[PDB]
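Everything on this sheet refers to the single structure shown next.
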Amino acid sequence: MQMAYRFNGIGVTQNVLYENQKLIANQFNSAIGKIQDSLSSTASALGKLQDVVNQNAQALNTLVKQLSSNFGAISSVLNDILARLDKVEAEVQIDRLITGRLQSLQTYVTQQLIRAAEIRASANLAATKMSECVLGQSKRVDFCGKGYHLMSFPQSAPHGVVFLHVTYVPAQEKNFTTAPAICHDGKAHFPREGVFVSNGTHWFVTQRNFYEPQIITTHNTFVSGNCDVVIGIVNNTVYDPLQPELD
Amino acid sequence: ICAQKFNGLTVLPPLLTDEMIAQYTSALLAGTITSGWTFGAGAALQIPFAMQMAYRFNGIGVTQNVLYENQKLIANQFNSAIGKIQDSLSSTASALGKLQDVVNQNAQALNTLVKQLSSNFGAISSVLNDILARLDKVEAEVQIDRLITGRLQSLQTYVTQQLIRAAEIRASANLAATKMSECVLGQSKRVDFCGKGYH
Amino acid sequence: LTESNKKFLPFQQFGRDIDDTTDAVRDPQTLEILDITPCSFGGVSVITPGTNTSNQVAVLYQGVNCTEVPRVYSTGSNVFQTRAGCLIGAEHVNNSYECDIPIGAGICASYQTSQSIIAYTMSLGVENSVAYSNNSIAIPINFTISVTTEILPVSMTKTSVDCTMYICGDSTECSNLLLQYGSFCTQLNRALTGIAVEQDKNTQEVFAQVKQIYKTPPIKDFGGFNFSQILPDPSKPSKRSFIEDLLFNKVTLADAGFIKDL
Amino acid sequence: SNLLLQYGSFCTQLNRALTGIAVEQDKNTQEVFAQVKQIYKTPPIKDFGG
Ligand SMILES: *[C@@H]1O[C@H](CO)[C@@H](O)[C@H](O)[C@H]1NC(C)=O
Ligand SMILES: *[C@@H]1O[C@H](CO)[C@@H](O)[C@H](O)[C@H]1NC(C)=O
Ligand SMILES: *[C@@H]1O[C@H](CO)[C@@H](O)[C@H](O)[C@H]1NC(C)=O
Ligand SMILES: *[C@@H]1O[C@H](CO)[C@@H](O)[C@H](O)[C@H]1NC(C)=O
Ligand SMILES: *[C@@H]1O[C@H](CO)[C@@H](O)[C@H](O)[C@H]1NC(C)=O
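Residue numbers (PDB author numbering), protein chains in the order written: chain A, 897 to 1143; chain B, 847 to 1045; chain C, 549 to 618, 631 to 673, 686 to 832, 845 to 846; chain D, 747 to 796.
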């Protein structure tokens, strides 16, 4: 029933889910299998995650290597600077070395702050996704997955979250000649919840996302105006369940 | 730009040319006037424009009868409004303030880098070749040193500023992308996300 | 140097850009106006398909009129001219494909079949029209359920530093010299602290929404739909499920790192 | 040039950061505009109900 309530949301009436339950089951089960294989293969899918760790490592290494720089003096080892040098002269070399190292530290800390702001933005987006796509059903196009969104399942991964979105995608298309409204006896009848299609001979009413023809009765239509202003009105017959019962 | 070719500020050109960008937008337009909102999810399904508008009207609440009945008024109103837009866009002061601003800001910083080049930075001269001239290697080196430190600092300042500004531009891009998905490829119920009133 | 078109008054002599650099000179012997321009530099880009497949490469020169420029490298044939710069090792093919390796200004490079490296004007997508008749509609006759993927980073790595240790090793005199400068060392540490705390906070907001830890019913009969792969298996020591464990193995960082005493 | 080499990797680092800015700008453009694969075309007959 939970799947059927979600189906109702995207548009298709519950009738669809209940009738072809088996087919839906098979498709979902098989797809999950392919995802496992795809993750195990194509060793590039895991991209953003690895990138974070790569950047931090490079920055750390940079700071360590800068230690081995004369920074415009005589030597690098502070003890060696002291060696074979009077305090006064050593001080000027020590002065230079200190300023050099200090500059490098400032640069590293600045860089880290800028990078961490981007990480924060990513985390806040993931929070919205968890609250909307997981604990509920979102109609925002493309915010969750691709197509009409049904449900979503969260999974964990090194320093990150991987969402597995389940989506309904309309498929094989056809061709039906259509018309705005149908006039029966002077009064015009507009479609109530669907679109008046015609398979060549008679006229039927159907849902807007799955083909299920039903006979046009008074129950699937609403009367309004007089048939003359509606631009392209056609002409057929509204059954009306009443006379059979009366007689 | 060429003067910047004379100092080392090589301005690189684009990757996607403006002709290609035009092609992309035209495809989005020619999908939302013929296949409704299916041109982003699945495959394109044709639908008469009158019918497409009726579905959208049903969304905001007004029943479909209104659109099919008074179609004439809606048409004329829309046509006249498009006229006003082009007129106003051309006949105003700035309008595209944000777009112009980005260009001006980036240029100011670039110019400042070229100006700091001539600063003595607490030395005797600006031209390194001139510093070399009339200065013994030893003294010349300590003067070269003074100049180097100054220039290095200026370039570091520039890079840091650019990185901060780049974050701002990227943020605006993410908002724009969200809009292209919600407003263009469908209809937004989020109030005031796409426009003022019922979208 | 070239001959000029500038008009200098008899007292005037040299040129100046807003950069205050000489742009022209009067011959101190012929008294004529000459124009200066250092020769054409740029920067160099190398294209390669990757060592695994081949050992041929292509070269690009970040903008030079290659009608006469030609680093220790040699030269050859196949000189092509884009707007970006000068290519050496492509072909002006008249086909078009999807873009594989970017170059700039609508030119994309790749490797293909005898096989060599080639270039092309990038095409976007395949053309197709939508038959629009004022009375025609298209309702789908069936459906397809599909599961897609999506990755999003949550946190970084908590790091800390120490002034005296890095800047002045252990030398007391060096420490006294650092003490001369202001609280630069102090302020620095506080900023690194701020990042560390906030990074942990991020993790909490994303995952901590469930108030009560719920538990899946023993019988796993969810109307046909299997969920074994995503549902955590207690038998496996790490409560992590099949898909989760796979993900963990792939992302490897100990290559340049150490271990989870550090 | 000799004096600069001594200062350290303060030329390498700067160049790398600027490259990063440029490549991210290319990503921005692609994301906003490219979301439709099949380039679609307009019907010659312009009869869009008024
Ligand atoms: C609709 O019918 C026309 C009639 O010729 C045909 O050309 C077109 O391909 C049909 N549409 C689809 C989607 O098959
Ligand atoms: C210098 O030499 C040139 C050519 O040799 C000659 O025309 C000129 O009169 C000489 N003297 C001066 C002051 O230019
Ligand atoms: C290459 O250089 C020549 C110089 O004669 C110049 O015409 C132009 O910049 C280039 N050649 C072309 C494309 O005409
Ligand atoms: C490629 O196109 C150019 C310009 O249209 C043309 O001159 C050339 O002959 C074409 N080459 C081939 C092999 O068709
Ligand atoms: C349908 O479109 C064609 C082309 O404009 C034309 O027959 C007519 O104007 C439209 N309306 C009809 C046939 O009701």
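Beta carbons: idealized from backbone N, C-alpha and C, even for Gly.
So what's residue i in DSSP terms, helix, strand or just coil?
{"i": "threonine 758 of chain C", "result": "helix"}
{"i": "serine 807 of chain C", "result": "coil"}
{"i": "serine 1027 of chain B", "result": "helix"}
{"i": "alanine 1053 of chain A", "result": "strand"}
{"i": "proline 1076 of chain A", "result": "coil"}
{"i": "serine 718 of chain C", "result": "strand"}
{"i": "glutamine 641 of chain C", "result": "strand"}
{"i": "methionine 899 of chain A", "result": "helix"}
{"i": "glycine 929 of chain B", "result": "helix"}
{"i": "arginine 812 of chain C", "result": "coil"}
{"i": "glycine 996 of chain A", "result": "helix"}
{"i": "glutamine 672 of chain C", "result": "strand"}
{"i": "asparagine 553 of chain C", "result": "coil"}
{"i": "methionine 694 of chain C", "result": "coil"}
{"i": "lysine 1083 of chain A", "result": "strand"}
{"i": "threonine 1117 of chain A", "result": "strand"}
{"i": "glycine 943 of chain A", "result": "coil"}
Distance check for residue j and residue i, CA to CA, integer angstroms please.
{"i": "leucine 1009 of chain B", "j": "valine 948 of chain A", "result": "17 Å"}
{"i": "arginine 762 of chain C", "j": "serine 755 of chain C", "result": "11 Å"}
{"i": "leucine 981 of chain A", "j": "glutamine 999 of chain A", "result": "25 Å"}
{"i": "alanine 979 of chain B", "j": "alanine 665 of chain C", "result": "45 Å"}
{"i": "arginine 1011 of chain A", "j": "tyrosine 1004 of chain A", "result": "11 Å"}
{"i": "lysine 1042 of chain A", "j": "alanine 780 of chain D", "result": "15 Å"}
{"i": "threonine 863 of chain B", "j": "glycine 1128 of chain A", "result": "45 Å"}
{"i": "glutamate 915 of chain B", "j": "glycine 882 of chain B", "result": "21 Å"}
{"i": "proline 558 of chain C", "j": "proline 859 of chain B", "result": "42 Å"}
{"i": "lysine 1035 of chain B", "j": "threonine 1024 of chain B", "result": "14 Å"}
{"i": "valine 960 of chain A", "j": "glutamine 560 of chain C", "result": "55 Å"}
{"i": "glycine 1056 of chain A", "j": "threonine 775 of chain C", "result": "9 Å"}
{"i": "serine 708 of chain C", "j": "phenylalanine 1059 of chain A", "result": "39 Å"}
{"i": "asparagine 1116 of chain A", "j": "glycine 905 of chain B", "result": "19 Å"}
{"i": "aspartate 805 of chain C", "j": "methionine 899 of chain A", "result": "24 Å"}
Would you please verify whether the beta carbon of residue i is less than 9 Å from any beta carbon of chain D?
{"i": "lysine 1070 of chain A", "result": "no"}
{"i": "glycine 1043 of chain A", "result": "no"}
{"i": "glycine 943 of chain A", "result": "no"}
{"i": "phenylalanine 895 of chain B", "result": "yes"}
{"i": "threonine 1006 of chain A", "result": "no"}
So, at 7 Å on beta carbons, what are the nonlocal neighbours of residue i in its own chain, with the 5 sequence-adjacent residues on each side left out?
{"i": "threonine 788 of chain C", "result": "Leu803"}
{"i": "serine 964 of chain B", "result": "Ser972"}
{"i": "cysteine 614 of chain C", "result": "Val639, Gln641 and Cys646"}
Contact defined as beta carbons within less than 8 Å: I believe residue i pairs with residue j. What is the distance between those atoms, to the nearest angstrom?
{"i": "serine 602 of chain C", "j": "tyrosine 657 of chain C", "result": "With 8 Å as the limit, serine 602 of chain C and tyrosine 657 of chain C do not qualify as a contact, their Cβ atoms being about 19 Å apart."}
{"i": "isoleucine 689 of chain C", "j": "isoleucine 920 of chain A", "result": "Wrong, their Cβ atoms sit about 48 Å apart, outside the cutoff."}
{"i": "residue 683 of chain C", "j": "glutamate 722 of chain C", "result": "In the model as presented, chain C runs from 673 straight to 686, which leaves residue 683 of chain C without coordinates."}
{"i": "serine 934 of chain A", "j": "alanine 941 of chain A", "result": "7 Å"}
Quick one: residues in its chain with C-beta nearer than 8 Å to the C-beta of residue i, no 5 flanking neighbours on either side, listed in chain order?
{"i": "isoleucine 815 of chain C", "result": "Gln801 and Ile802"}
{"i": "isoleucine 739 of chain C", "result": "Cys746, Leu750 and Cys757"}
{"i": "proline 618 of chain C", "result": "none"}
{"i": "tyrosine 1135 of chain A", "result": "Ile1111, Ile1112, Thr1113 and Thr1114"}
{"i": "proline 1087 of chain A", "result": "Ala1077, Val1101, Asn1116 and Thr1117"}
Any beta-carbon of chain B closer than 9 Å to the one on residue i?
{"i": "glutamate 1014 of chain A", "result": "yes"}
{"i": "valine 912 of chain A", "result": "no"}
{"i": "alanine 1077 of chain A", "result": "yes"}
{"i": "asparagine 707 of chain C", "result": "yes"}
{"i": "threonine 788 of chain D", "result": "yes"}
{"i": "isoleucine 785 of chain D", "result": "yes"}
{"i": "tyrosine 692 of chain C", "result": "no"}
{"i": "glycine 741 of chain C", "result": "no"}
{"i": "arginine 1104 of chain A", "result": "yes"}
Within 9 Å (strictly less), CB to CB, does residue i reach chain A?
{"i": "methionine 728 of chain C", "result": "yes"}
{"i": "residue 1051 of chain B", "result": "Missing from the structure shown is residue 1051 of chain B; chain B here goes from 847 to 1045 and no further."}
Ignore the nearest five residues each way along the sequence and tell me which others in residue i's own chain have a CB closer than 6 Å to its CB.
{"i": "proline 1109 of chain A", "result": "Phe1100 and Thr1102"}
{"i": "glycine 590 of chain C", "result": "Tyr609, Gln610, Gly611 and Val612"}
When you measure from the CB of residue i to every non-hydrogen atom of ligand 7, does any distance come out below 8 Å?
{"i": "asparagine 654 of chain C", "result": "Ligand 7 is absent from the structure shown, which contains only ligand 1, ligand 2, ligand 3, ligand 4 and ligand 5."}
Compare the C-beta of residue i with all C-beta atoms of chain C and state if any pair is closer than 9 Å.
{"i": "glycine 795 of chain D", "result": "yes"}
{"i": "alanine 780 of chain D", "result": "yes"}
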